[PDB]
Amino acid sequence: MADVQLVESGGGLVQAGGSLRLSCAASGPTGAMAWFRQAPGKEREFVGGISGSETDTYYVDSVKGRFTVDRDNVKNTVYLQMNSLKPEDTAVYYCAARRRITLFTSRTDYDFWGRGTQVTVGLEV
């Protein structure tokens, strides 16, 4: 049931107001899939996800309208397109997945986690 890995790609550096994309590939099939984020002082919090049924999608209020999650059930992949970024979106983003379909939003409800990829909004040399 376990031994499924998550491989993140994308992210990096961008200027305020720009756009960045995160992508995450699962070694096998999985249920609900989501993205979390971690500010350096804070500890990871949910940004957005979709249920394995793909009938339920959820975004936090601070991101509604700018980010778009979508998934490919065949390739076992998910992506997060981030538009109109603000300074407060800078953080380490984690891909997360769980064996079952319900798109819970608690860190504790997820059984698989990627390594984390840094996204930095800030246009600073």
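Numbering starts at 1 and follows the sequence shown.
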- prompt: Comparing 72-80 with 30-38, which stretch shows the greater average C-alpha B-factor in the deposited entry?
  reply: 72-80
message: Please say which third, lowest, middle or highest, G18 falls into when its CA temperature factor is compared across its chain.
response: highest
- prompt: Going by the entry, which third of its chain does the Cα temperature factor of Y110 land in?
  reply: lowest
task: Sorting the chain's modelled residues by C-alpha B-factor, tell me whether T90 ends up in the lowest, middle or highest third.
output: lowest
query: Would the CA B-factor of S53 place it in the lowest, middle or highest third of its chain?
result: middle
